[PDB]
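Visitor:
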Amino acid sequence: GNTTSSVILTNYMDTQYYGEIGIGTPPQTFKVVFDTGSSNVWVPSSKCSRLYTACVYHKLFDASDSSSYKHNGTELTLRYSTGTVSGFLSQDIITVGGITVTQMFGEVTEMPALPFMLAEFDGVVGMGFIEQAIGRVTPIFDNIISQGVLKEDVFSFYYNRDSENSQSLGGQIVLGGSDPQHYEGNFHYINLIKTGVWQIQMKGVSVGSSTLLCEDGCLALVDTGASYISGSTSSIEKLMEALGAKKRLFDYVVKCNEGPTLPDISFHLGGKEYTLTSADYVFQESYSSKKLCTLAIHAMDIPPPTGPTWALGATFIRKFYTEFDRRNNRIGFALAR
Ligand SMILES: CCc1cccc(-c2c(F)cccc2[C@](O)(CCCNC(=O)OC)[C@@H]2CCCN(C(=O)CCCNC)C2)c1
Ligand SMILES: CCc1cccc(-c2c(F)cccc2[C@](O)(CCCNC(=O)OC)[C@@H]2CCCN(C(=O)CCCNC)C2)c1
Ligand SMILES: *[C@@H]1O[C@H](CO)[C@@H](O)[C@H](O)[C@H]1NC(C)=O
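So this is what it looks like as structure tokens:
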């Protein structure tokens, strides 16, 4: 084939990037996050009790309104860092961009308020490998590859910086290739450690001059569903001490006036230095010395087998356009524009 279709993404406050998919005949519409760190598709179900307030606030799939719906009913539970959604498997036609596929997805009947009552999106489209798929369900990019329509068996991500009072493009994913209008120069490609997870070798993490962390190598999950960069608690505690940042209940903060003076943070991937300046990783709402500003970095201890591992999320992808290569099992990086 020769198709390279794209999906416009919305940017809610640099922490939630979501686009649209359509499920069923006629299509039912859902805002969903495209997540390279999970491998299942799920949307809230009409059979979800209104006791769950998330199911009152979000859009629900109604199986009985779709002629292309096909019942399965097998129970499904999805484990995340924050917790758990639960429900049953269903099958229907799913449209994403110009591509339509028959997909097995989860109809979710238990959505906890923490965190989904803070989600501007409805569900998740997992972009990982079948090795991580609960129920061993075939992931959606697998079925898309099966259609022989993509120009190349790749997909790529662009996350823009949030613009207030402007209609700037929030984000864009491309199925089948990459958009040169949103990256300059050529891709630098880094092979996966193993098929089954969008994870690469990392050789060091620098706070300015000194290689403070990960000197003998660590892991880096490239996670399009992660809002912040994350590392192990041990690493992040050392990183924040070097930055002079204080911890609150939720976030790591610095005084807003001191933000731009913070040293760069460099991730050593594929023998190249991927640097994020304080202008890249600090939510700079003000410059007042009597106000604290959030860093887009926090600790998340990911358990075996995927972890311990860093997660390069939106904080990282905002600066580096990312191409996920299924055919050659690699990840490409190029400076975002
Ligand atoms: C998208 C999947 C997901 C899972 C769990 C929680 C959330 C979530 C939420 F439900 C409400 C608000 C915020 C969030 C997140 O911040 C992610 C937003 C969507 N992703 C995105 O746009 O990325 C650029 C999560 C809050 C807890 C920590 N976290 C994760 O662990 C992400 C895991 C996804 N990869 C497996 C982010 C999202
Ligand atoms: C804003 C403080 C904070 C710190 C850490 C986590 C969270 C948090 C949460 F506890 C539950 C759900 C969602 C979130 C966040 O989405 C952070 C993303 C999770 N990190 C990640 O990617 O892990 C892998 C926040 C929810 C409120 C808005 N937000 C901000 O960052 C607001 C900062 C702007 N200040 C001006 C995200 C919030
Ligand atoms: C549900 O899926 C499994 C395969 O993953 C299949 O064996 C079973 O028959 C399906 N259920 C229905 C009702 O088709």
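Just so we're on the same page, the authors' numbering is the position in the sequence shown counted from 1, plus 69.
Positions of the beta carbon are idealized from the N, C-alpha and C atoms, including for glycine.
1. Using 8 angstroms as the Cβ pair cut-off and three pairs as the minimum, do the region 358 to 366 and the region 316 to 328 touch?
2. Any heavy atom of ligand 1 inside 8 angstroms of the beta-carbon of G313?
3. If I measure Cβ to Cβ from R148 and keep anything under 6 angstroms in the same chain, skipping five residues before and after, which residues do I get?
4. So, at 7 angstroms on beta carbons, what are the nonlocal neighbours of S108 in its own chain, with the 5 sequence-adjacent residues on each side left out?
5. Considering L183, what are the terminal residues of the alpha helix (DSSP H) in which it resides?
6. Shortest alpha-carbon distance to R387 belongs to which of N212, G204, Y252, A132?
7. Quick check: does the Cβ of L158 come within less than 8 angstroms of any heavy atom belonging to ligand 3?
8. If you run the structure through DSSP and keep just helix, strand and coil, what is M369?
9. I'd like to confirm the pairing. Which residues does DSSP put opposite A202 in its beta bridges?
10. Identify which residue in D191, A132, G339, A123 has its Cα closest to the Cα of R399.
11. Which residues does DSSP pair with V218 in a beta bridge?
12. Let me make sure I understand the geometry here. Which of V112, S232, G240, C124 has the alpha-carbon closest to that of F352?
13. With DSSP as the reference, label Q85 as helix, strand or coil.
14. Determine, using beta carbons only, whether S137 and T171 come nearer to each other than 9 angstroms.
15. So the alpha helix (DSSP H) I242 belongs to, where does it begin and stop?
16. With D292 and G106 assumed to form a contact (beta carbons below 8 angstroms), what rounded beta-carbon distance in angstroms separates them?
17. Relative to ligand 2, is the shortest distance from any of its heavy atoms to the C-beta of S279 smaller than 8 angstroms?
18. Which complete alpha helix (DSSP H) runs does the region 229 to 296 hold, if anything under 4 residues is left out?
19. Mind listing, in chain order, the residues whose beta carbon lies closer than 7 angstroms to a non-hydrogen atom of ligand 1?
20. Does the distance between the C-beta of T363 and the nearest non-hydrogen atom of ligand 2 fall short of 8 angstroms?
21. Just jot down, in chain order, the residues whose CB lies closer than 5 angstroms to any heavy atom of ligand 3.
22. Is any heavy atom in ligand 2 found nearer than 8 angstroms to the beta carbon of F352?
23. Please work out which residues of its chain come closer than 6 angstroms, Cβ to Cβ, to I371, disregarding the five sequence neighbours upstream and downstream, and give them in chain order.
Guide: In short:
1. yes
2. no
3. none
4. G195, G197, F198, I199, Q201, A202, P208
5. 182 to 185
6. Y252
7. yes
8. coil
9. Beta-bridge pairing links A202 to no other residue.
10. Answer by Cα proximity: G339.
11. According to DSSP, which records beta bridges pairwise, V218 is partnered with nothing at all.
12. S232
13. Correct three-state label for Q85: strand.
14. yes
15. Run containing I242: none in the alpha helix (DSSP H); it sits in the beta strand (DSSP E), 240 to 244.
16. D292 to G106, Cβ: 4 angstroms. Contact.
17. no
18. none
19. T84, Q85, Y86, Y87, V102, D104, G106, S107, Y149, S150, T151, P184, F185, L187, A188, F190, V193, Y228, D292, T293, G294, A295, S296, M369, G382, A383
20. yes
21. Here the residues come out as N141, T143.
22. yes
23. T378
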